[PDB]
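Enquirer: Structure file coords-v4.cif (mmCIF, C-alpha atoms and all ligand atoms) right here:
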```
data_model
#
loop_
_atom_site.label_atom_id
_atom_site.label_comp_id
_atom_site.auth_asym_id
_atom_site.auth_seq_id
_atom_site.Cartn_x
_atom_site.Cartn_y
_atom_site.Cartn_z
CA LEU I 9 -10.58 10.66 -5.00
CA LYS I 10 -8.86 8.02 -7.17
CA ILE I 11 -10.21 4.49 -6.85
CA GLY I 12 -7.74 1.68 -6.73
CA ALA I 13 -7.39 -1.98 -5.73
CA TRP I 14 -5.16 -4.96 -5.25
CA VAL I 15 -7.44 -7.24 -7.25
CA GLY I 16 -6.53 -10.45 -5.31
CA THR I 17 -3.85 -11.66 -7.69
CA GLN I 18 -1.12 -10.11 -9.81
CA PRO I 19 -2.82 -7.61 -12.17
CA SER I 20 -2.81 -9.37 -15.53
CA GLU I 21 -4.88 -7.68 -18.24
CA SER I 22 -7.77 -10.04 -17.45
CA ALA I 23 -7.59 -9.50 -13.69
CA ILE I 24 -7.68 -5.69 -14.15
CA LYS I 25 -10.56 -5.92 -16.58
CA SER I 26 -12.51 -8.36 -14.43
CA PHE I 27 -12.25 -6.16 -11.35
CA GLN I 28 -13.29 -3.09 -13.37
CA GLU I 29 -16.27 -4.93 -14.67
CA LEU I 30 -17.05 -6.16 -11.13
CA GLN I 31 -16.95 -2.71 -9.49
CA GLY I 32 -18.75 -1.05 -12.46
CA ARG I 33 -16.08 1.62 -12.85
CA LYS I 34 -12.60 2.47 -14.15
CA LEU I 35 -9.80 1.47 -11.83
CA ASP I 36 -7.65 4.55 -11.53
CA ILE I 37 -4.86 2.82 -9.61
CA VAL I 38 -3.82 -0.87 -9.83
CA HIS I 39 -1.86 -2.15 -6.87
CA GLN I 40 0.81 -4.91 -7.09
CA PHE I 41 3.11 -6.43 -4.44
CA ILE I 42 6.61 -7.61 -5.41
CA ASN I 43 9.60 -8.74 -3.40
CA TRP I 44 13.30 -7.84 -3.62
CA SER I 45 14.22 -10.87 -5.73
CA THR I 46 11.89 -9.82 -8.56
CA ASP I 47 13.32 -7.85 -11.45
CA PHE I 48 11.44 -5.41 -13.60
CA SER I 49 11.31 -7.87 -16.49
CA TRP I 50 8.85 -9.91 -14.39
CA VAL I 51 6.86 -6.72 -13.59
CA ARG I 52 6.74 -5.55 -17.22
CA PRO I 53 3.78 -7.52 -18.56
CA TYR I 54 1.71 -6.38 -15.56
CA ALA I 55 2.83 -2.78 -15.94
CA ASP I 56 2.02 -2.87 -19.67
CA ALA I 57 -1.49 -4.10 -18.86
CA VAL I 58 -1.99 -1.37 -16.25
CA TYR I 59 -0.78 1.43 -18.51
CA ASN I 60 -2.66 0.13 -21.53
CA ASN I 61 -5.80 0.32 -19.40
CA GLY I 62 -5.04 3.96 -18.55
CA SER I 63 -4.34 3.25 -14.88
CA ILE I 64 -1.44 4.13 -12.55
CA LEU I 65 0.62 1.24 -11.17
CA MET I 66 1.37 1.33 -7.45
CA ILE I 67 3.91 -1.29 -6.37
CA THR I 68 4.39 -2.25 -2.74
CA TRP I 69 8.02 -3.35 -2.83
CA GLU I 70 8.68 -5.80 -0.02
CA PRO I 71 12.30 -6.57 0.94
CA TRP I 72 11.84 -9.97 2.55
CA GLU I 73 15.35 -10.53 1.16
CA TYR I 74 17.13 -7.60 2.84
CA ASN I 75 16.65 -5.89 6.20
CA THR I 76 17.21 -2.14 6.76
CA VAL I 77 20.80 -2.70 7.87
CA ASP I 78 21.51 -4.64 4.70
CA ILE I 79 19.87 -1.98 2.60
CA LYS I 80 21.37 1.10 4.30
CA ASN I 81 24.84 -0.47 4.02
CA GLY I 82 24.49 -1.02 0.26
CA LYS I 83 24.19 -4.80 0.23
CA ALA I 84 21.14 -4.65 -2.09
CA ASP I 85 22.53 -1.96 -4.34
CA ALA I 86 23.02 -4.08 -7.46
CA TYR I 87 19.39 -5.09 -7.33
CA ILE I 88 18.18 -1.56 -6.54
CA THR I 89 20.29 -0.06 -9.32
CA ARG I 90 18.95 -2.51 -11.93
CA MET I 91 15.37 -1.73 -10.87
CA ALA I 92 16.00 2.02 -11.07
CA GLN I 93 17.60 1.72 -14.54
CA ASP I 94 14.78 -0.48 -15.77
CA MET I 95 12.06 1.77 -14.38
CA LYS I 96 13.70 4.87 -15.86
CA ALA I 97 13.90 3.12 -19.26
CA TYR I 98 10.26 2.09 -18.92
CA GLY I 99 9.52 5.81 -18.44
CA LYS I 100 5.89 5.70 -17.17
CA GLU I 101 4.77 7.19 -13.85
CA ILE I 102 4.96 4.47 -11.22
CA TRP I 103 4.08 4.88 -7.54
CA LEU I 104 6.56 2.86 -5.46
CA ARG I 105 5.90 2.01 -1.81
CA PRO I 106 9.01 0.37 -0.34
CA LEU I 107 9.43 -0.93 3.15
CA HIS I 108 5.76 -0.51 4.11
CA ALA I 109 4.07 -0.93 7.53
CA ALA I 110 7.34 -0.21 9.32
CA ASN I 111 5.41 0.92 12.45
CA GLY I 112 4.14 -2.69 12.74
CA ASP I 113 5.92 -5.78 13.91
CA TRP I 114 5.14 -8.31 11.17
CA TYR I 115 7.60 -7.53 8.37
CA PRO I 116 11.32 -8.23 8.75
CA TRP I 117 12.19 -4.62 7.84
CA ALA I 118 9.75 -3.09 10.34
CA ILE I 119 10.88 -1.18 13.45
CA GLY I 120 8.61 -3.35 15.62
CA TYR I 121 10.00 -6.59 14.21
CA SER I 122 11.23 -8.77 17.10
CA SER I 123 14.85 -9.22 15.93
CA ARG I 124 15.28 -5.55 16.84
CA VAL I 125 17.56 -5.00 13.87
CA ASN I 126 15.51 -2.14 12.38
CA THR I 127 15.61 1.29 14.03
CA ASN I 128 14.44 4.72 12.92
CA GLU I 129 17.98 5.45 11.82
CA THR I 130 18.51 2.32 9.79
CA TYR I 131 15.08 2.68 8.23
CA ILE I 132 15.53 6.29 7.19
CA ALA I 133 19.04 5.62 5.89
CA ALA I 134 17.68 2.63 3.91
CA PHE I 135 14.75 4.57 2.40
CA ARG I 136 16.92 7.55 1.48
CA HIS I 137 19.49 5.23 -0.04
CA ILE I 138 16.93 3.65 -2.33
CA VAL I 139 15.66 7.05 -3.42
CA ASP I 140 19.19 8.35 -4.01
CA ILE I 141 19.97 5.43 -6.31
CA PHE I 142 16.76 5.93 -8.31
CA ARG I 143 17.51 9.68 -8.67
CA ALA I 144 21.12 8.93 -9.72
CA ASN I 145 19.71 6.73 -12.51
CA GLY I 146 17.27 9.40 -13.74
CA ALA I 147 14.11 7.65 -12.54
CA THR I 148 12.14 10.89 -12.02
CA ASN I 149 9.06 8.96 -13.08
CA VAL I 150 9.02 6.95 -9.85
CA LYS I 151 6.93 8.61 -7.12
CA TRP I 152 7.77 7.65 -3.53
CA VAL I 153 5.12 6.54 -1.09
CA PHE I 154 5.81 6.61 2.64
CA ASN I 155 3.51 4.39 4.79
CA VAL I 156 2.14 3.76 8.22
CA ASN I 157 -0.07 1.06 9.52
CA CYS I 158 -3.16 2.58 11.21
CA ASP I 159 -1.80 1.43 14.62
CA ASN I 160 1.72 1.38 16.02
CA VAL I 161 2.33 -2.31 16.82
CA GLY I 162 5.47 -3.47 18.58
CA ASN I 163 8.26 -1.95 20.61
CA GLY I 164 9.67 1.31 19.33
CA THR I 165 7.05 2.04 16.69
CA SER I 166 5.64 5.44 15.84
CA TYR I 167 3.95 7.17 12.94
CA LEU I 168 6.83 9.48 12.09
CA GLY I 169 9.99 8.28 13.81
CA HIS I 170 10.86 6.50 10.59
CA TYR I 171 9.74 9.32 8.24
CA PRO I 172 12.59 10.03 5.80
CA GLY I 173 11.71 13.67 5.06
CA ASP I 174 9.62 15.56 2.54
CA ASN I 175 12.65 15.64 0.20
CA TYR I 176 12.29 11.82 -0.16
CA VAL I 177 8.50 11.47 -0.30
CA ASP I 178 5.76 12.22 -2.89
CA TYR I 179 2.83 10.72 -0.97
CA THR I 180 2.22 9.45 2.52
CA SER I 181 -0.19 6.58 3.08
CA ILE I 182 -2.14 4.67 5.72
CA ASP I 183 -3.24 1.06 5.75
CA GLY I 184 -5.87 -0.40 8.01
CA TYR I 185 -8.76 -2.82 8.34
CA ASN I 186 -12.01 -3.40 10.08
CA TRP I 187 -11.30 -6.95 11.23
CA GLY I 188 -14.77 -7.28 12.76
CA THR I 189 -14.91 -10.11 15.28
CA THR I 190 -12.99 -12.47 12.98
CA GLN I 191 -9.69 -12.82 14.82
CA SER I 192 -9.43 -15.10 17.84
CA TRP I 193 -7.02 -12.64 19.52
CA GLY I 194 -10.12 -10.50 20.18
CA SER I 195 -10.55 -8.22 17.17
CA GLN I 196 -13.60 -5.97 17.25
CA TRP I 197 -15.78 -4.17 14.73
CA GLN I 198 -14.41 -0.70 14.03
CA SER I 199 -15.77 2.03 11.77
CA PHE I 200 -13.47 3.61 9.16
CA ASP I 201 -13.03 6.57 11.47
CA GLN I 202 -12.13 4.38 14.46
CA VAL I 203 -9.52 2.61 12.31
CA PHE I 204 -7.91 5.59 10.59
CA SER I 205 -8.35 8.78 12.60
CA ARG I 206 -5.20 8.58 14.74
CA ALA I 207 -2.86 7.85 11.84
CA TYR I 208 -4.53 10.56 9.76
CA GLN I 209 -4.06 13.14 12.53
CA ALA I 210 -0.31 12.37 12.54
CA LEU I 211 0.06 12.43 8.71
CA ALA I 212 -2.14 15.48 8.31
CA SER I 213 0.80 17.40 9.97
CA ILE I 214 2.91 16.64 6.87
CA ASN I 215 2.47 18.75 3.71
CA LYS I 216 2.02 15.77 1.37
CA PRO I 217 -1.09 14.11 -0.10
CA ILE I 218 -2.25 10.81 1.45
CA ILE I 219 -3.16 7.49 -0.11
CA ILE I 220 -5.18 4.79 1.71
CA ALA I 221 -3.00 2.07 0.21
CA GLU I 222 -4.60 -1.00 1.74
CA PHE I 223 -7.99 -1.14 3.43
CA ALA I 224 -11.06 -3.35 3.65
CA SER I 225 -13.72 -4.59 6.05
CA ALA I 226 -14.78 -7.98 7.28
CA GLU I 227 -18.40 -9.15 7.12
CA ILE I 228 -18.58 -10.46 10.69
CA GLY I 229 -19.58 -8.33 13.68
CA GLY I 230 -21.51 -5.60 11.88
CA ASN I 231 -22.91 -4.50 8.53
CA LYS I 232 -20.16 -4.41 5.88
CA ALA I 233 -22.36 -2.76 3.26
CA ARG I 234 -23.09 0.19 5.52
CA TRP I 235 -19.43 0.27 6.62
CA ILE I 236 -18.45 0.74 2.95
CA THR I 237 -20.96 3.48 2.34
CA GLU I 238 -19.89 5.27 5.49
CA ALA I 239 -16.16 4.79 4.83
CA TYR I 240 -16.22 6.49 1.45
CA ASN I 241 -18.43 9.25 2.87
CA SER I 242 -15.92 9.70 5.69
CA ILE I 243 -12.98 9.85 3.26
CA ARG I 244 -14.62 12.53 1.16
CA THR I 245 -16.01 14.51 4.09
CA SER I 246 -13.30 14.51 6.79
CA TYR I 247 -10.13 12.96 5.36
CA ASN I 248 -9.59 15.76 2.87
CA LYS I 249 -5.89 15.19 2.33
CA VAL I 250 -6.60 11.65 1.06
CA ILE I 251 -6.44 11.53 -2.74
CA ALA I 252 -6.80 7.79 -3.35
CA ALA I 253 -8.54 4.84 -1.77
CA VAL I 254 -7.05 1.46 -2.70
CA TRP I 255 -9.13 -1.50 -1.53
CA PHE I 256 -7.47 -4.79 -0.63
CA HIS I 257 -9.65 -7.30 -2.55
CA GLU I 258 -8.67 -10.81 -1.46
CA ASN I 259 -10.29 -13.63 0.46
CA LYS I 260 -7.37 -13.99 2.86
CA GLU I 261 -7.23 -13.41 6.68
CA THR I 262 -10.98 -12.90 6.27
CA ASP I 263 -13.16 -12.20 3.25
CA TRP I 264 -12.01 -8.67 2.49
CA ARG I 265 -13.41 -8.82 -1.06
CA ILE I 266 -15.84 -6.21 -2.35
CA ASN I 267 -18.09 -9.17 -3.29
CA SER I 268 -17.84 -11.05 0.01
CA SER I 269 -21.66 -10.60 -0.04
CA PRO I 270 -24.09 -9.21 -2.64
CA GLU I 271 -24.92 -6.33 -0.34
CA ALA I 272 -21.30 -5.36 0.20
CA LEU I 273 -20.81 -5.37 -3.58
CA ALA I 274 -23.86 -3.20 -4.20
CA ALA I 275 -22.66 -0.76 -1.57
CA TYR I 276 -19.14 -0.66 -2.98
CA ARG I 277 -20.38 -0.07 -6.54
CA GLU I 278 -22.43 2.91 -5.31
CA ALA I 279 -19.82 4.30 -2.91
CA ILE I 280 -16.94 4.59 -5.35
CA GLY I 281 -18.99 6.94 -7.52
CA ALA I 282 -18.67 8.15 -11.12
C1 LIG S 301 -1.68 -5.33 4.01
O1 LIG S 301 -2.52 -5.94 4.98
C2 LIG S 301 -3.14 -7.14 4.48
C3 LIG S 301 -4.21 -7.54 5.49
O2 LIG S 301 -3.58 -7.91 6.68
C4 LIG S 301 -2.07 -8.22 4.25
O3 LIG S 301 -2.67 -9.45 3.79
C5 LIG S 301 -1.14 -7.67 3.18
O4 LIG S 301 -0.09 -8.62 3.04
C6 LIG S 301 0.40 -8.66 1.70
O5 LIG S 301 -0.54 -9.36 0.90
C7 LIG S 301 -0.14 -9.43 -0.46
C8 LIG S 301 -1.31 -10.00 -1.27
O6 LIG S 301 -1.74 -11.19 -0.63
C9 LIG S 301 1.17 -10.25 -0.59
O7 LIG S 301 1.45 -10.19 -1.97
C10 LIG S 301 2.40 -11.11 -2.46
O8 LIG S 301 3.63 -10.38 -2.61
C11 LIG S 301 4.67 -11.20 -3.15
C12 LIG S 301 5.91 -10.32 -3.09
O9 LIG S 301 6.44 -10.18 -1.77
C13 LIG S 301 4.32 -11.57 -4.59
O10 LIG S 301 5.35 -12.38 -5.16
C14 LIG S 301 3.00 -12.32 -4.59
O11 LIG S 301 2.56 -12.55 -5.94
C15 LIG S 301 1.95 -11.49 -3.86
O12 LIG S 301 0.71 -12.21 -3.75
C16 LIG S 301 2.23 -9.62 0.32
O13 LIG S 301 3.39 -10.44 0.32
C17 LIG S 301 1.71 -9.44 1.75
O14 LIG S 301 2.69 -8.74 2.53
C18 LIG S 301 -0.56 -6.33 3.70
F1 LIG S 301 0.25 -5.80 2.76
#
```
Using the file provided, produce a representation of the structure as structure tokens.
Ligand SMILES: *[C@H]1O[C@H](CO)[C@@H](O)[C@H](O[C@@H]2O[C@H](CO)[C@@H](O[C@@H]3O[C@H](CO)[C@@H](O)[C@H](O)[C@H]3O)[C@H](O)[C@H]2O)[C@H]1F
Expert:
Amino acid sequence: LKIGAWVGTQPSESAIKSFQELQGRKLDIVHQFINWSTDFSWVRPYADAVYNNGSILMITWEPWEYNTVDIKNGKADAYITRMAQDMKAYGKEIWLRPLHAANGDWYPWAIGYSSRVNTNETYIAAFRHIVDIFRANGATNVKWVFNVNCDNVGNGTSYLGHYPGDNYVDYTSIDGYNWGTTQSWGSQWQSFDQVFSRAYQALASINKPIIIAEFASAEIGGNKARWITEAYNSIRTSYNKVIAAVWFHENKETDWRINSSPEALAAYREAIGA
């Protein structure tokens, strides 16, 4: 079980080192989010810091700038091609997670998104197109991460309708959160198992290893410290295809941070292990 995080900001050398110090352990995976108007030259100083630390960089690559119709039709290809050439030249093993949470309704490339422009077909053609361009440019170092949100949210969404095939995927991944009672829509406290079991059952049918790419717990509505202890136990005990757990450390929709309380931090430090 590799331990990773988005550390709440872009992973400069100091942000990586600070989070490592905070959690009392090596970060095996450092997570970054970038959009589709960011070139690799902007990524480079962060990647150099990650690799100099001896970590793997996972990039969630968010095309706010191009929907799946745009992408499948080649309208982003200059930008994709430059990224693939630059990543190949860089040479280091990078985990790339494009077009994530497509079984939700909140990103403009997602199948559930309310413009209705993204379908299983446009999504798969888009994802395959990206991978084809990277392979054409020799970027064998880039490992492809397929993703689902823990719940299917929005019309038309499913765990695998948008799956582009094992020939296009190195890892699958699940994101999900215990929102506790924090959201006025009526969120409730959920254990790790209540959050993740359904998505895991669907992905466990695919012969690829699984990453928990984004997860955290709120403080409100239950005991976050115990939730952390029990979540890592659950991962190790019953989610055996999961090979990495990548916390989402940011005080954002709620205080997802590992140090949202002293008790949560103590639990996290213990749970992640040696
Ligand atoms: C996983 O679920 C999270 C909980 O709901 C949600 O907050 C995450 O949203 C993503 O959050 C990251 C970090 O806040 C954003 O990162 C920003 O990405 C842009 C590139 O698009 C960067 O330029 C910027 O520096 C990053 O902070 C994501 O945009 C956002 O989708 C969700 F992924």
Enquirer: My list of candidates is I:239, I:212, I:254, I:55. Which is closest to ligand LIG 301 (chain S) when distances are computed with all atoms listed in the file?
Expert: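 Going through I:239, I:212, I:254, I:55 one by one, the smallest distance to ligand LIG 301 (chain S) is for I:254.
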Enquirer: Calculated over all atoms listed in the file, which of the candidates I:244, I:108, I:151, I:83 has the smallest distance to ligand LIG 301 (chain S)?
Expert: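 Of I:244, I:108, I:151, I:83, the one nearest ligand LIG 301 (chain S), counting all atoms listed in the file, is I:108.
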Enquirer: Just give me the residues with any atom within 10 Å of (-19.8, 5.7, 2.3), file coordinates, counting only C-alpha atoms, written as an MDAnalysis selection string.
Expert: chainID I and resid 200 233:245 275:276 278:281
Enquirer: Output C-alpha atoms of each residue in that selection to a file, as a short mmCIF file (atom, residue, chain, number, x, y, z; two decimals), in the coordinates of the input.
Expert:
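As written to disk, result.cif reads:
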```cif
data_model
loop_
_atom_site.label_atom_id
_atom_site.label_comp_id
_atom_site.auth_asym_id
_atom_site.auth_seq_id
_atom_site.Cartn_x
_atom_site.Cartn_y
_atom_site.Cartn_z
CA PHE I 200 -13.47 3.61 9.16
CA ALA I 233 -22.36 -2.76 3.26
CA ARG I 234 -23.09 0.19 5.52
CA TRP I 235 -19.43 0.27 6.62
CA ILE I 236 -18.45 0.74 2.95
CA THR I 237 -20.96 3.48 2.34
CA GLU I 238 -19.89 5.27 5.49
CA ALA I 239 -16.16 4.79 4.83
CA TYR I 240 -16.22 6.49 1.45
CA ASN I 241 -18.43 9.25 2.87
CA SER I 242 -15.92 9.70 5.69
CA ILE I 243 -12.98 9.85 3.26
CA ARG I 244 -14.62 12.53 1.16
CA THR I 245 -16.01 14.51 4.09
CA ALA I 275 -22.66 -0.76 -1.57
CA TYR I 276 -19.14 -0.66 -2.98
CA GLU I 278 -22.43 2.91 -5.31
CA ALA I 279 -19.82 4.30 -2.91
CA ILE I 280 -16.94 4.59 -5.35
CA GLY I 281 -18.99 6.94 -7.52
#
```
Enquirer: Quick one: pull the distance between CA of residue 89 (chain I) and CA of residue 214 (chain I), Å, one decimal.
Expert: 29.0 Å
Enquirer: When you count all atoms listed in the file, which of these residues is closest to residue 143 (chain I): I:207, I:158, I:118, I:88?
Expert: I:88
Enquirer: What do you get as number ranges by chain if you pick all residues at most 8 Å from ligand LIG 301 (chain S), counting all atoms listed in the file?
Expert: I: 14, 16-18, 40-44, 46, 68-72, 108-109, 115, 183-185, 222-223, 256, 258, 260-261
Enquirer: In Å, how far is it from CA of residue 257 (chain I) to CA of residue 58 (chain I)?
Expert: 16.8 Å
Enquirer: What is the CA of residue 154 (chain I) to CA of residue 174 (chain I) distance in Å?
Expert: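 Spanning CA of residue 154 (chain I) to CA of residue 174 (chain I) is a straight-line distance of 9.7 Å.
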Enquirer: For a quick check of understanding, using all atoms listed in the file, which of I:147, I:67, I:119, I:210 has the smallest distance to residue 170 (chain I)?
Expert: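 Closest candidate: I:119.
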Enquirer: Residues within 12 Å of residue 165 (chain I), please, as a list in words. Count only C-alpha atoms; anything in the same chain fewer than 5 positions from it doesn't count.
Expert: residues 109, 110, 111, 112, 113, 114, 118, 119, 120, 121, 122, 124, 126, 127, 128, 131, 156, 157, 158, 159, 160, 170 and 171 of chain I
Enquirer: Show me, as a JSON list (two decimals) with C-alpha atoms, keeping the file's coordinate frame, the residues that have an atom within 10 Å of residue 205 (chain I) when counting all atoms listed in the file, minus same-chain residues fewer than 6 positions from it.
Expert:
```json
[["chain", "number", "residue", "atom", "x", "y", "z"],
["I", 158, "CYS", "CA", -3.16, 2.58, 11.21],
["I", 211, "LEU", "CA", 0.06, 12.43, 8.71],
["I", 246, "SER", "CA", -13.30, 14.51, 6.79],
["I", 247, "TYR", "CA", -10.13, 12.96, 5.36]]
```
Enquirer: Out of I:203, I:226, I:84, I:273, which residue has the shortest atom-to-atom distance to residue 191 (chain I) when counting all atoms listed in the file?
Expert: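 That would be I:226, the residue with the smallest distance to residue 191 (chain I).
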Enquirer: Tell me which of I:218, I:35, I:66, I:107 sits closest to residue 172 (chain I), counting only C-alpha atoms.
Expert: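 So, comparing all the options, the nearest one is I:107.
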Enquirer: Reconstruct region 235-263 of chain I at the level of N, CA and C atoms, and format the result as a short mmCIF file (atom, residue, chain, number, x, y, z; two decimals), in the frame of the given file.
Expert:
```
data_model
loop_
_atom_site.label_atom_id
_atom_site.label_comp_id
_atom_site.auth_asym_id
_atom_site.auth_seq_id
_atom_site.Cartn_x
_atom_site.Cartn_y
_atom_site.Cartn_z
N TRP I 235 -20.79 -0.16 6.29
CA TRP I 235 -19.43 0.27 6.62
C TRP I 235 -18.79 0.89 5.38
N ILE I 236 -18.99 0.25 4.21
CA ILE I 236 -18.45 0.74 2.95
C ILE I 236 -19.02 2.08 2.59
N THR I 237 -20.35 2.19 2.64
CA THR I 237 -20.96 3.48 2.34
C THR I 237 -20.40 4.57 3.25
N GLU I 238 -20.32 4.25 4.53
CA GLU I 238 -19.89 5.27 5.49
C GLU I 238 -18.42 5.57 5.37
N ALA I 239 -17.60 4.58 4.98
CA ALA I 239 -16.16 4.79 4.83
C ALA I 239 -15.87 5.76 3.71
N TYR I 240 -16.46 5.54 2.54
CA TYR I 240 -16.22 6.49 1.45
C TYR I 240 -16.79 7.87 1.77
N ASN I 241 -17.94 7.93 2.42
CA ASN I 241 -18.43 9.25 2.87
C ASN I 241 -17.41 9.92 3.80
N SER I 242 -16.90 9.16 4.77
CA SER I 242 -15.92 9.70 5.69
C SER I 242 -14.68 10.21 4.95
N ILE I 243 -14.18 9.44 4.00
CA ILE I 243 -12.98 9.85 3.26
C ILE I 243 -13.19 11.20 2.61
N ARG I 244 -14.34 11.34 1.95
CA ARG I 244 -14.62 12.53 1.16
C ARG I 244 -14.93 13.72 2.06
N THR I 245 -15.50 13.46 3.23
CA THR I 245 -16.01 14.51 4.09
C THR I 245 -14.97 15.01 5.08
N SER I 246 -14.20 14.10 5.71
CA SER I 246 -13.30 14.51 6.79
C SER I 246 -11.84 14.12 6.61
N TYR I 247 -11.53 13.33 5.59
CA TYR I 247 -10.13 12.96 5.36
C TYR I 247 -9.64 13.65 4.09
N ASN I 248 -9.68 14.99 4.10
CA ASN I 248 -9.59 15.76 2.87
C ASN I 248 -8.23 15.70 2.21
N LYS I 249 -7.19 15.33 2.95
CA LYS I 249 -5.89 15.19 2.33
C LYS I 249 -5.74 13.87 1.58
N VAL I 250 -6.67 12.93 1.79
CA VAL I 250 -6.60 11.65 1.06
C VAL I 250 -7.03 11.87 -0.40
N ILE I 251 -6.20 11.38 -1.32
CA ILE I 251 -6.44 11.53 -2.74
C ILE I 251 -6.72 10.23 -3.45
N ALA I 252 -6.55 9.11 -2.75
CA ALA I 252 -6.80 7.79 -3.35
C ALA I 252 -7.21 6.82 -2.29
N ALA I 253 -8.14 5.90 -2.66
CA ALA I 253 -8.54 4.84 -1.77
C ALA I 253 -8.32 3.54 -2.52
N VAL I 254 -7.45 2.68 -1.98
CA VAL I 254 -7.05 1.46 -2.70
C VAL I 254 -7.47 0.25 -1.85
N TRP I 255 -8.58 -0.37 -2.25
CA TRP I 255 -9.13 -1.50 -1.53
C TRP I 255 -8.16 -2.68 -1.65
N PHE I 256 -8.21 -3.52 -0.62
CA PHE I 256 -7.47 -4.79 -0.63
C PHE I 256 -8.48 -5.92 -0.88
N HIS I 257 -8.61 -6.35 -2.14
CA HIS I 257 -9.65 -7.30 -2.55
C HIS I 257 -9.04 -8.70 -2.56
N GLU I 258 -9.14 -9.42 -1.46
CA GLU I 258 -8.67 -10.81 -1.46
C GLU I 258 -9.36 -11.54 -0.34
N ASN I 259 -9.74 -12.80 -0.58
CA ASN I 259 -10.29 -13.63 0.46
C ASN I 259 -9.07 -14.25 1.13
N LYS I 260 -8.67 -13.69 2.26
CA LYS I 260 -7.37 -13.99 2.86
C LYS I 260 -7.54 -14.18 4.38
N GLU I 261 -7.06 -13.26 5.22
CA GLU I 261 -7.23 -13.41 6.68
C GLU I 261 -8.71 -13.50 7.01
N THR I 262 -9.52 -12.76 6.27
CA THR I 262 -10.98 -12.90 6.27
C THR I 262 -11.42 -12.52 4.86
N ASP I 263 -12.71 -12.53 4.59
CA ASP I 263 -13.16 -12.20 3.25
C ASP I 263 -13.23 -10.69 3.05
#
```
